[PDB]
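The data block below is my_file-v1.pdb; it holds PDB, N, CA and C atoms.
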MODEL        1
ATOM      1  N   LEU A   1      -1.192 -24.347 -23.993  1.00  0.00           N
ATOM      2  CA  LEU A   1      -1.162 -22.864 -24.055  1.00  0.00           C
ATOM      3  C   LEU A   1      -2.053 -22.161 -23.027  1.00  0.00           C
ATOM      4  N   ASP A   2      -3.339 -22.503 -22.900  1.00  0.00           N
ATOM      5  CA  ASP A   2      -4.364 -21.657 -22.245  1.00  0.00           C
ATOM      6  C   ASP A   2      -4.054 -21.246 -20.790  1.00  0.00           C
ATOM      7  N   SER A   3      -3.743 -22.205 -19.918  1.00  0.00           N
ATOM      8  CA  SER A   3      -3.366 -21.930 -18.524  1.00  0.00           C
ATOM      9  C   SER A   3      -2.017 -21.213 -18.382  1.00  0.00           C
ATOM     10  N   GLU A   4      -1.149 -21.315 -19.389  1.00  0.00           N
ATOM     11  CA  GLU A   4       0.154 -20.645 -19.437  1.00  0.00           C
ATOM     12  C   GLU A   4      -0.002 -19.171 -19.826  1.00  0.00           C
ATOM     13  N   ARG A   5      -0.682 -18.906 -20.950  1.00  0.00           N
ATOM     14  CA  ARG A   5      -0.912 -17.545 -21.450  1.00  0.00           C
ATOM     15  C   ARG A   5      -1.709 -16.693 -20.459  1.00  0.00           C
ATOM     16  N   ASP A   6      -2.520 -17.310 -19.593  1.00  0.00           N
ATOM     17  CA  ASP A   6      -3.198 -16.592 -18.510  1.00  0.00           C
ATOM     18  C   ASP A   6      -2.226 -16.047 -17.452  1.00  0.00           C
ATOM     19  N   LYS A   7      -1.216 -16.833 -17.066  1.00  0.00           N
ATOM     20  CA  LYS A   7      -0.136 -16.370 -16.182  1.00  0.00           C
ATOM     21  C   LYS A   7       0.659 -15.253 -16.852  1.00  0.00           C
ATOM     22  N   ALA A   8       0.937 -15.389 -18.151  1.00  0.00           N
ATOM     23  CA  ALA A   8       1.644 -14.374 -18.921  1.00  0.00           C
ATOM     24  C   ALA A   8       0.904 -13.025 -18.930  1.00  0.00           C
ATOM     25  N   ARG A   9      -0.426 -13.010 -19.139  1.00  0.00           N
ATOM     26  CA  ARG A   9      -1.209 -11.762 -19.032  1.00  0.00           C
ATOM     27  C   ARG A   9      -1.325 -11.252 -17.597  1.00  0.00           C
ATOM     28  N   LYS A  10      -1.481 -12.128 -16.597  1.00  0.00           N
ATOM     29  CA  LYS A  10      -1.588 -11.708 -15.185  1.00  0.00           C
ATOM     30  C   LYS A  10      -0.303 -11.071 -14.658  1.00  0.00           C
ATOM     31  N   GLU A  11       0.863 -11.590 -15.044  1.00  0.00           N
ATOM     32  CA  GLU A  11       2.174 -11.018 -14.705  1.00  0.00           C
ATOM     33  C   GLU A  11       2.314  -9.563 -15.191  1.00  0.00           C
ATOM     34  N   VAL A  12       1.880  -9.269 -16.420  1.00  0.00           N
ATOM     35  CA  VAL A  12       1.987  -7.921 -17.007  1.00  0.00           C
ATOM     36  C   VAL A  12       0.839  -6.992 -16.581  1.00  0.00           C
ATOM     37  N   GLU A  13      -0.365  -7.535 -16.351  1.00  0.00           N
ATOM     38  CA  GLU A  13      -1.498  -6.837 -15.722  1.00  0.00           C
ATOM     39  C   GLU A  13      -1.120  -6.286 -14.344  1.00  0.00           C
ATOM     40  N   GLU A  14      -0.512  -7.106 -13.471  1.00  0.00           N
ATOM     41  CA  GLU A  14      -0.125  -6.642 -12.141  1.00  0.00           C
ATOM     42  C   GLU A  14       1.014  -5.615 -12.203  1.00  0.00           C
ATOM     43  N   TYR A  15       1.959  -5.758 -13.141  1.00  0.00           N
ATOM     44  CA  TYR A  15       3.082  -4.826 -13.278  1.00  0.00           C
ATOM     45  C   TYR A  15       2.602  -3.424 -13.682  1.00  0.00           C
ATOM     46  N   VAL A  16       1.707  -3.329 -14.675  1.00  0.00           N
ATOM     47  CA  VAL A  16       1.083  -2.060 -15.095  1.00  0.00           C
ATOM     48  C   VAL A  16       0.332  -1.402 -13.933  1.00  0.00           C
ATOM     49  N   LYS A  17      -0.587  -2.092 -13.238  1.00  0.00           N
ATOM     50  CA  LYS A  17      -1.343  -1.461 -12.130  1.00  0.00           C
ATOM     51  C   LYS A  17      -0.468  -1.103 -10.918  1.00  0.00           C
ATOM     52  N   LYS A  18       0.580  -1.891 -10.639  1.00  0.00           N
ATOM     53  CA  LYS A  18       1.517  -1.676  -9.527  1.00  0.00           C
ATOM     54  C   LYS A  18       2.368  -0.438  -9.777  1.00  0.00           C
ATOM     55  N   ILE A  19       2.860  -0.275 -11.005  1.00  0.00           N
ATOM     56  CA  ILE A  19       3.691   0.863 -11.413  1.00  0.00           C
ATOM     57  C   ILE A  19       2.862   2.130 -11.679  1.00  0.00           C
ATOM     58  N   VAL A  20       1.608   2.013 -12.133  1.00  0.00           N
ATOM     59  CA  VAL A  20       0.628   3.115 -12.051  1.00  0.00           C
ATOM     60  C   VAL A  20       0.435   3.556 -10.591  1.00  0.00           C
ATOM     61  N   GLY A  21       0.272   2.616  -9.653  1.00  0.00           N
ATOM     62  CA  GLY A  21       0.128   2.926  -8.227  1.00  0.00           C
ATOM     63  C   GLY A  21       1.354   3.611  -7.616  1.00  0.00           C
ATOM     64  N   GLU A  22       2.566   3.177  -7.973  1.00  0.00           N
ATOM     65  CA  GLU A  22       3.809   3.838  -7.545  1.00  0.00           C
ATOM     66  C   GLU A  22       4.004   5.216  -8.204  1.00  0.00           C
ATOM     67  N   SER A  23       3.529   5.408  -9.440  1.00  0.00           N
ATOM     68  CA  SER A  23       3.464   6.731 -10.073  1.00  0.00           C
ATOM     69  C   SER A  23       2.566   7.680  -9.270  1.00  0.00           C
ATOM     70  N   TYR A  24       1.365   7.245  -8.867  1.00  0.00           N
ATOM     71  CA  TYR A  24       0.520   7.999  -7.929  1.00  0.00           C
ATOM     72  C   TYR A  24       1.187   8.197  -6.553  1.00  0.00           C
ATOM     73  N   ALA A  25       1.971   7.230  -6.063  1.00  0.00           N
ATOM     74  CA  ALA A  25       2.676   7.332  -4.783  1.00  0.00           C
ATOM     75  C   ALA A  25       3.784   8.405  -4.777  1.00  0.00           C
ATOM     76  N   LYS A  26       4.425   8.700  -5.920  1.00  0.00           N
ATOM     77  CA  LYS A  26       5.410   9.798  -6.053  1.00  0.00           C
ATOM     78  C   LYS A  26       4.861  11.107  -6.641  1.00  0.00           C
ATOM     79  N   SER A  27       3.669  11.077  -7.244  1.00  0.00           N
ATOM     80  CA  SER A  27       3.006  12.232  -7.877  1.00  0.00           C
ATOM     81  C   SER A  27       2.474  13.267  -6.874  1.00  0.00           C
ATOM     82  N   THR A  28       2.185  14.465  -7.390  1.00  0.00           N
ATOM     83  CA  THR A  28       1.504  15.574  -6.702  1.00  0.00           C
ATOM     84  C   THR A  28       0.404  16.162  -7.597  1.00  0.00           C
ATOM     85  N   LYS A  29      -0.574  16.885  -7.025  1.00  0.00           N
ATOM     86  CA  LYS A  29      -1.713  17.455  -7.782  1.00  0.00           C
ATOM     87  C   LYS A  29      -1.281  18.322  -8.958  1.00  0.00           C
ATOM     88  N   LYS A  30      -0.247  19.160  -8.795  1.00  0.00           N
ATOM     89  CA  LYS A  30       0.299  19.976  -9.892  1.00  0.00           C
ATOM     90  C   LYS A  30       0.681  19.111 -11.102  1.00  0.00           C
ATOM     91  N   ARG A  31       1.364  17.983 -10.862  1.00  0.00           N
ATOM     92  CA  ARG A  31       1.966  17.101 -11.882  1.00  0.00           C
ATOM     93  C   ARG A  31       1.050  15.991 -12.422  1.00  0.00           C
ATOM     94  N   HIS A  32      -0.254  16.014 -12.120  1.00  0.00           N
ATOM     95  CA  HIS A  32      -1.187  14.954 -12.537  1.00  0.00           C
ATOM     96  C   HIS A  32      -1.253  14.733 -14.066  1.00  0.00           C
ATOM     97  N   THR A  33      -0.943  15.747 -14.886  1.00  0.00           N
ATOM     98  CA  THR A  33      -0.820  15.613 -16.353  1.00  0.00           C
ATOM     99  C   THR A  33       0.176  14.522 -16.756  1.00  0.00           C
ATOM    100  N   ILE A  34       1.282  14.405 -16.010  1.00  0.00           N
ATOM    101  CA  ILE A  34       2.345  13.415 -16.226  1.00  0.00           C
ATOM    102  C   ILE A  34       1.888  12.034 -15.748  1.00  0.00           C
ATOM    103  N   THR A  35       1.188  11.965 -14.607  1.00  0.00           N
ATOM    104  CA  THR A  35       0.568  10.725 -14.112  1.00  0.00           C
ATOM    105  C   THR A  35      -0.391  10.146 -15.159  1.00  0.00           C
ATOM    106  N   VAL A  36      -1.260  10.977 -15.752  1.00  0.00           N
ATOM    107  CA  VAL A  36      -2.207  10.556 -16.801  1.00  0.00           C
ATOM    108  C   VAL A  36      -1.497  10.197 -18.111  1.00  0.00           C
ATOM    109  N   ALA A  37      -0.454  10.931 -18.512  1.00  0.00           N
ATOM    110  CA  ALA A  37       0.328  10.595 -19.706  1.00  0.00           C
ATOM    111  C   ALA A  37       0.994   9.211 -19.579  1.00  0.00           C
ATOM    112  N   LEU A  38       1.584   8.915 -18.415  1.00  0.00           N
ATOM    113  CA  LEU A  38       2.171   7.608 -18.130  1.00  0.00           C
ATOM    114  C   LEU A  38       1.099   6.509 -18.007  1.00  0.00           C
ATOM    115  N   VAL A  39      -0.063   6.765 -17.391  1.00  0.00           N
ATOM    116  CA  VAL A  39      -1.204   5.816 -17.374  1.00  0.00           C
ATOM    117  C   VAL A  39      -1.657   5.463 -18.792  1.00  0.00           C
ATOM    118  N   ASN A  40      -1.833   6.469 -19.652  1.00  0.00           N
ATOM    119  CA  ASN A  40      -2.237   6.277 -21.047  1.00  0.00           C
ATOM    120  C   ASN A  40      -1.215   5.441 -21.840  1.00  0.00           C
ATOM    121  N   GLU A  41       0.084   5.588 -21.568  1.00  0.00           N
ATOM    122  CA  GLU A  41       1.125   4.743 -22.164  1.00  0.00           C
ATOM    123  C   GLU A  41       1.127   3.317 -21.580  1.00  0.00           C
ATOM    124  N   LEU A  42       1.093   3.169 -20.252  1.00  0.00           N
ATOM    125  CA  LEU A  42       1.098   1.873 -19.555  1.00  0.00           C
ATOM    126  C   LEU A  42      -0.092   0.983 -19.961  1.00  0.00           C
ATOM    127  N   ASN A  43      -1.266   1.580 -20.166  1.00  0.00           N
ATOM    128  CA  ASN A  43      -2.441   0.903 -20.717  1.00  0.00           C
ATOM    129  C   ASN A  43      -2.245   0.455 -22.181  1.00  0.00           C
ATOM    130  N   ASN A  44      -1.480   1.197 -22.993  1.00  0.00           N
ATOM    131  CA  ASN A  44      -1.151   0.838 -24.374  1.00  0.00           C
ATOM    132  C   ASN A  44      -0.265  -0.423 -24.412  1.00  0.00           C
ATOM    133  N   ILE A  45       0.710  -0.527 -23.499  1.00  0.00           N
ATOM    134  CA  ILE A  45       1.512  -1.749 -23.328  1.00  0.00           C
ATOM    135  C   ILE A  45       0.616  -2.908 -22.886  1.00  0.00           C
ATOM    136  N   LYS A  46      -0.220  -2.713 -21.852  1.00  0.00           N
ATOM    137  CA  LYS A  46      -1.125  -3.769 -21.367  1.00  0.00           C
ATOM    138  C   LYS A  46      -1.995  -4.312 -22.502  1.00  0.00           C
ATOM    139  N   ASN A  47      -2.532  -3.418 -23.324  1.00  0.00           N
ATOM    140  CA  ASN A  47      -3.346  -3.709 -24.498  1.00  0.00           C
ATOM    141  C   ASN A  47      -2.598  -4.487 -25.601  1.00  0.00           C
ATOM    142  N   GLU A  48      -1.446  -3.997 -26.083  1.00  0.00           N
ATOM    143  CA  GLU A  48      -0.665  -4.705 -27.113  1.00  0.00           C
ATOM    144  C   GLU A  48      -0.270  -6.109 -26.632  1.00  0.00           C
ATOM    145  N   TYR A  49       0.259  -6.212 -25.411  1.00  0.00           N
ATOM    146  CA  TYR A  49       0.794  -7.475 -24.915  1.00  0.00           C
ATOM    147  C   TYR A  49      -0.327  -8.446 -24.530  1.00  0.00           C
ATOM    148  N   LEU A  50      -1.495  -7.979 -24.064  1.00  0.00           N
ATOM    149  CA  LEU A  50      -2.708  -8.807 -23.987  1.00  0.00           C
ATOM    150  C   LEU A  50      -3.044  -9.448 -25.338  1.00  0.00           C
ATOM    151  N   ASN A  51      -3.019  -8.687 -26.441  1.00  0.00           N
ATOM    152  CA  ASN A  51      -3.285  -9.274 -27.754  1.00  0.00           C
ATOM    153  C   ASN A  51      -2.191 -10.274 -28.166  1.00  0.00           C
ATOM    154  N   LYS A  52      -0.905  -9.974 -27.941  1.00  0.00           N
ATOM    155  CA  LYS A  52       0.206 -10.875 -28.315  1.00  0.00           C
ATOM    156  C   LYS A  52       0.179 -12.175 -27.503  1.00  0.00           C
ATOM    157  N   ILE A  53      -0.315 -12.113 -26.267  1.00  0.00           N
ATOM    158  CA  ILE A  53      -0.462 -13.251 -25.352  1.00  0.00           C
ATOM    159  C   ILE A  53      -1.709 -14.095 -25.684  1.00  0.00           C
ATOM    160  N   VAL A  54      -2.839 -13.485 -26.064  1.00  0.00           N
ATOM    161  CA  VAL A  54      -4.053 -14.221 -26.489  1.00  0.00           C
ATOM    162  C   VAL A  54      -3.994 -14.705 -27.951  1.00  0.00           C
ATOM    163  N   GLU A  55      -2.966 -14.317 -28.706  1.00  0.00           N
ATOM    164  CA  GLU A  55      -2.766 -14.653 -30.127  1.00  0.00           C
ATOM    165  C   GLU A  55      -1.482 -15.471 -30.391  1.00  0.00           C
ATOM    166  N   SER A  56      -0.695 -15.834 -29.365  1.00  0.00           N
ATOM    167  CA  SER A  56       0.569 -16.541 -29.590  1.00  0.00           C
ATOM    168  C   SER A  56       0.327 -17.975 -30.053  1.00  0.00           C
ATOM    169  N   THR A  57       0.997 -18.355 -31.138  1.00  0.00           N
ATOM    170  CA  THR A  57       1.139 -19.756 -31.549  1.00  0.00           C
ATOM    171  C   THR A  57       2.204 -20.477 -30.707  1.00  0.00           C
ATOM    172  N   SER A  58       3.286 -19.773 -30.360  1.00  0.00           N
ATOM    173  CA  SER A  58       4.478 -20.323 -29.713  1.00  0.00           C
ATOM    174  C   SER A  58       4.440 -20.173 -28.191  1.00  0.00           C
ATOM    175  N   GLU A  59       4.438 -21.295 -27.469  1.00  0.00           N
ATOM    176  CA  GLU A  59       4.350 -21.286 -26.001  1.00  0.00           C
ATOM    177  C   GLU A  59       5.633 -20.775 -25.332  1.00  0.00           C
ATOM    178  N   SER A  60       6.816 -21.130 -25.844  1.00  0.00           N
ATOM    179  CA  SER A  60       8.093 -20.581 -25.356  1.00  0.00           C
ATOM    180  C   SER A  60       8.280 -19.075 -25.599  1.00  0.00           C
ATOM    181  N   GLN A  61       7.331 -18.417 -26.275  1.00  0.00           N
ATOM    182  CA  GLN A  61       7.276 -16.959 -26.414  1.00  0.00           C
ATOM    183  C   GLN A  61       6.306 -16.292 -25.421  1.00  0.00           C
ATOM    184  N   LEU A  62       5.280 -16.994 -24.917  1.00  0.00           N
ATOM    185  CA  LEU A  62       4.380 -16.469 -23.872  1.00  0.00           C
ATOM    186  C   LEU A  62       5.170 -16.071 -22.620  1.00  0.00           C
ATOM    187  N   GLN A  63       6.082 -16.951 -22.196  1.00  0.00           N
ATOM    188  CA  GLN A  63       6.962 -16.714 -21.058  1.00  0.00           C
ATOM    189  C   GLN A  63       7.919 -15.520 -21.259  1.00  0.00           C
ATOM    190  N   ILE A  64       8.212 -15.161 -22.511  1.00  0.00           N
ATOM    191  CA  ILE A  64       9.058 -14.013 -22.867  1.00  0.00           C
ATOM    192  C   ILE A  64       8.276 -12.700 -22.982  1.00  0.00           C
ATOM    193  N   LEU A  65       7.031 -12.717 -23.473  1.00  0.00           N
ATOM    194  CA  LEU A  65       6.183 -11.515 -23.560  1.00  0.00           C
ATOM    195  C   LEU A  65       5.966 -10.850 -22.188  1.00  0.00           C
ATOM    196  N   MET A  66       6.055 -11.625 -21.103  1.00  0.00           N
ATOM    197  CA  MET A  66       6.137 -11.114 -19.728  1.00  0.00           C
ATOM    198  C   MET A  66       7.325 -10.171 -19.500  1.00  0.00           C
ATOM    199  N   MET A  67       8.511 -10.560 -19.967  1.00  0.00           N
ATOM    200  CA  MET A  67       9.736  -9.769 -19.840  1.00  0.00           C
ATOM    201  C   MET A  67       9.750  -8.607 -20.826  1.00  0.00           C
ATOM    202  N   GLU A  68       9.344  -8.807 -22.084  1.00  0.00           N
ATOM    203  CA  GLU A  68       9.254  -7.707 -23.050  1.00  0.00           C
ATOM    204  C   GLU A  68       8.289  -6.610 -22.588  1.00  0.00           C
ATOM    205  N   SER A  69       7.094  -6.971 -22.102  1.00  0.00           N
ATOM    206  CA  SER A  69       6.152  -5.983 -21.558  1.00  0.00           C
ATOM    207  C   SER A  69       6.694  -5.304 -20.295  1.00  0.00           C
ATOM    208  N   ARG A  70       7.481  -6.001 -19.464  1.00  0.00           N
ATOM    209  CA  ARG A  70       8.167  -5.401 -18.312  1.00  0.00           C
ATOM    210  C   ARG A  70       9.221  -4.391 -18.755  1.00  0.00           C
ATOM    211  N   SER A  71      10.054  -4.719 -19.745  1.00  0.00           N
ATOM    212  CA  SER A  71      11.012  -3.782 -20.348  1.00  0.00           C
ATOM    213  C   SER A  71      10.318  -2.560 -20.962  1.00  0.00           C
ATOM    214  N   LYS A  72       9.108  -2.713 -21.520  1.00  0.00           N
ATOM    215  CA  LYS A  72       8.291  -1.587 -22.014  1.00  0.00           C
ATOM    216  C   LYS A  72       7.804  -0.685 -20.875  1.00  0.00           C
ATOM    217  N   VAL A  73       7.308  -1.262 -19.774  1.00  0.00           N
ATOM    218  CA  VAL A  73       6.860  -0.501 -18.587  1.00  0.00           C
ATOM    219  C   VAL A  73       8.037   0.229 -17.937  1.00  0.00           C
ATOM    220  N   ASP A  74       9.154  -0.473 -17.757  1.00  0.00           N
ATOM    221  CA  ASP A  74      10.397   0.044 -17.185  1.00  0.00           C
ATOM    222  C   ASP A  74      10.997   1.170 -18.048  1.00  0.00           C
ATOM    223  N   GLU A  75      10.986   1.020 -19.376  1.00  0.00           N
ATOM    224  CA  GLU A  75      11.387   2.078 -20.309  1.00  0.00           C
ATOM    225  C   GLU A  75      10.454   3.292 -20.249  1.00  0.00           C
ATOM    226  N   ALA A  76       9.132   3.092 -20.254  1.00  0.00           N
ATOM    227  CA  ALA A  76       8.164   4.186 -20.154  1.00  0.00           C
ATOM    228  C   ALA A  76       8.320   4.972 -18.841  1.00  0.00           C
ATOM    229  N   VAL A  77       8.520   4.294 -17.703  1.00  0.00           N
ATOM    230  CA  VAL A  77       8.894   4.951 -16.437  1.00  0.00           C
ATOM    231  C   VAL A  77      10.206   5.706 -16.610  1.00  0.00           C
ATOM    232  N   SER A  78      11.280   5.026 -17.022  1.00  0.00           N
ATOM    233  CA  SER A  78      12.621   5.611 -17.145  1.00  0.00           C
ATOM    234  C   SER A  78      12.691   6.774 -18.151  1.00  0.00           C
ATOM    235  N   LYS A  79      11.692   6.918 -19.035  1.00  0.00           N
ATOM    236  CA  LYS A  79      11.454   8.053 -19.942  1.00  0.00           C
ATOM    237  C   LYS A  79      10.638   9.191 -19.307  1.00  0.00           C
ATOM    238  N   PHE A  80       9.531   8.891 -18.626  1.00  0.00           N
ATOM    239  CA  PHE A  80       8.690   9.893 -17.942  1.00  0.00           C
ATOM    240  C   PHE A  80       9.253  10.362 -16.582  1.00  0.00           C
ATOM    241  N   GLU A  81      10.341   9.756 -16.096  1.00  0.00           N
ATOM    242  CA  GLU A  81      11.104  10.208 -14.920  1.00  0.00           C
ATOM    243  C   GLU A  81      11.846  11.541 -15.129  1.00  0.00           C
ATOM    244  N   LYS A  82      11.995  12.021 -16.376  1.00  0.00           N
ATOM    245  CA  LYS A  82      12.922  13.122 -16.709  1.00  0.00           C
ATOM    246  C   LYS A  82      12.414  14.246 -17.601  1.00  0.00           C
TER     247      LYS A  82
ENDMDL
END

Can you dump the structure from the file as structure tokens?
Amino acid sequence: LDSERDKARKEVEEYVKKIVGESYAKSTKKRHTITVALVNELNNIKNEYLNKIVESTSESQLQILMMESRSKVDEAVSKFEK
């Protein structure tokens, strides 16, 4: 588990900071309220999935929590886009 679950958290850690960075790359000073609202949500995903990855009994689920947390980040973007 240990060396595997570390890759699982690093995959979702980089996705959250990368998509926070792309949110800043499309943002403007007027709209910073939306940048912070999406940061506050993206950190909530990073937090929940960090706990699910450091608490998993099942190793074939660590590799999936990477995709579930990506679908959460992608959904949160696809929601705050509009």

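Neighbouring residues of residue 4 of chain A at 7 Å or closer, counting only N, CA and C atoms and skipping chain neighbours under 3 positions away, are residues 1, 7, 8, 9, 62 and 63 of chain A.
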
Store the residues picked out above, limited to N, CA and C atoms, as a PDB file, in the coordinates of the input.
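Final output, saved to out23.pdb:
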ATOM      1  N   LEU A   1      -1.192 -24.347 -23.993  1.00  0.00           N
ATOM      2  CA  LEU A   1      -1.162 -22.864 -24.055  1.00  0.00           C
ATOM      3  C   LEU A   1      -2.053 -22.161 -23.027  1.00  0.00           C
ATOM      4  N   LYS A   7      -1.216 -16.833 -17.066  1.00  0.00           N
ATOM      5  CA  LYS A   7      -0.136 -16.370 -16.182  1.00  0.00           C
ATOM      6  C   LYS A   7       0.659 -15.253 -16.852  1.00  0.00           C
ATOM      7  N   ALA A   8       0.937 -15.389 -18.151  1.00  0.00           N
ATOM      8  CA  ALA A   8       1.644 -14.374 -18.921  1.00  0.00           C
ATOM      9  C   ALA A   8       0.904 -13.025 -18.930  1.00  0.00           C
ATOM     10  N   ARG A   9      -0.426 -13.010 -19.139  1.00  0.00           N
ATOM     11  CA  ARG A   9      -1.209 -11.762 -19.032  1.00  0.00           C
ATOM     12  C   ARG A   9      -1.325 -11.252 -17.597  1.00  0.00           C
ATOM     13  N   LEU A  62       5.280 -16.994 -24.917  1.00  0.00           N
ATOM     14  CA  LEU A  62       4.380 -16.469 -23.872  1.00  0.00           C
ATOM     15  C   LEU A  62       5.170 -16.071 -22.620  1.00  0.00           C
ATOM     16  N   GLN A  63       6.082 -16.951 -22.196  1.00  0.00           N
ATOM     17  CA  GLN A  63       6.962 -16.714 -21.058  1.00  0.00           C
ATOM     18  C   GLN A  63       7.919 -15.520 -21.259  1.00  0.00           C
TER      19      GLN A  63
END

Check your understanding: Interatomic distance between atom N of residue 17 of chain A and atom CA of residue 43 of chain A?
Key -> 8.3 Å

Revision key, fill the gap. From the list A:71, A:51, A:28, A:78, the nearest residue to residue 6 of chain A using only C-alpha atoms is A:51

Edge lengths and centre, in Å to one decimal, as lines of an AutoDock Vina configuration file: that's what I need for the box along x, y and z that holds all listed atoms of segment 3-18 of chain A plus 6 Å on each side.
center_x = -0.3
center_y = -11.3
center_z = -15.5
size_x = 18.8
size_y = 33.8
size_z = 23.9

Check your understanding: What is the atom N of residue 30 of chain A-atom N of residue 44 of chain A distance in Å, reported with one decimal?
Key -> 22.9 Å

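When only C-alpha atoms are used to measure the gap to residue 59 of chain A, the shortest distance among A:27, A:47, A:3, A:35 belongs to A:3.
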
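The spacing separating atom C of residue 66 of chain A from atom CA of residue 46 of chain A amounts to 10.8 Å.
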
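When the PyMOL selection byres (((chain A and resi 70 and name CA) around 10) and name CA) is evaluated on the file shown here, the picked residues come out as residues 11, 12, 15, 16, 45, 46, 64, 65, 66, 67, 68, 69, 71, 72, 73, 74, 75 and 76 of chain A.
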
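Nearest to residue 20 of chain A of all the residues A:33, A:77, A:2, A:56 is A:77, counting only C-alpha atoms.
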
Review point. In segment 20-69 of chain A, what's alpha helix (DSSP H) per DSSP? Answer as an MDAnalysis selection string?
Key: chainID A and resid 20:26 32:54 59:69
